[PDB]
């Protein structure tokens, strides 16, 4: 029943203002606190601020002068605004609701899945998708090349195929563009009528690609 989902642009230009909303369900925004926590790529967690049930806020001193946390109870939403943005702000931003066990204990019980925000002067570039097929236990895949910024999500057969799937971390090329591969392993004689489609989504450029890979 409790759901949190953050949204915002994956790309913000340096010195501009970062803008994230957290859309919720299952609880009242009046009776619960909302926290914003961030995680730079390959790094630890950092609490940025809080909006208590009453509407009062408190922000971490490290970011304080640039932070704005608000809430729209009518839209079941919480906002986060981070002004005068720098590369130190590139991170996965999480919205987490606080929970209490009396006034004795406080904890972040429900989290969103996080949205990656990249700070760069560089432009958004949608990917090119290429098939990964053998020349001749069989493997196939998709190569999601030349995209910026991260991320790219890859699903197979509209999420109906999950067993044998490996979507690899993106690799940063010399061109400053990202590239990834998603692969799926299948038994040698599981074809005949079997279609394999990789569903590539790159929200920053608003690109959706459905690539059908043939034997």
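Residue numbers count along the first chain shown, from 1.
Looking at the deposited sequence, how many residues between residue 136 and residue 137 were given no coordinates in the entry: none, 1 to 3, 4 to 9, or 10 or more? 4 to 9 residues are missing.
Could you settle it for me: does 52-60 or 186-194 have the higher average Cα B factor in the PDB entry? Taking the mean C-alpha B-factor of 52-60 and of 186-194, the larger value falls to 186-194.
Would you mind comparing 62-70 and 170-178 for me and telling me which has the higher average C-alpha temperature factor in the entry? Mean C-alpha B-factor is greater for 62-70.
Can you tell me which of 76, 128, 115, 105 has the highest Cα temperature factor in the record? If I rank 76, 128, 115, 105 by C-alpha B-factor, first place goes to 76.
Split the chain's modelled residues into thirds by Cα B-factor; is residue 85 in the lowest, middle or highest one? Answer is highest: the recorded C-alpha B-factor places it there.
Among the modelled residues of this chain, does the Cα B factor of residue 5 put it in the lowest, middle or highest third? Middle third - that is where residue 5 ends up once the chain's C-alpha B-factors are sorted.
So where's residue 215 on the chain's Cα temperature factor ranking, which third? Highest third.
Residue 200, C-alpha B-factor rank within chain (lowest, middle or highest third): Bottom third by C-alpha B-factor.
Give the position of residue 34 by CA B-factor within its chain, expressed as the lowest, middle or highest third. Middle third of the chain for residue 34's C-alpha B-factor.
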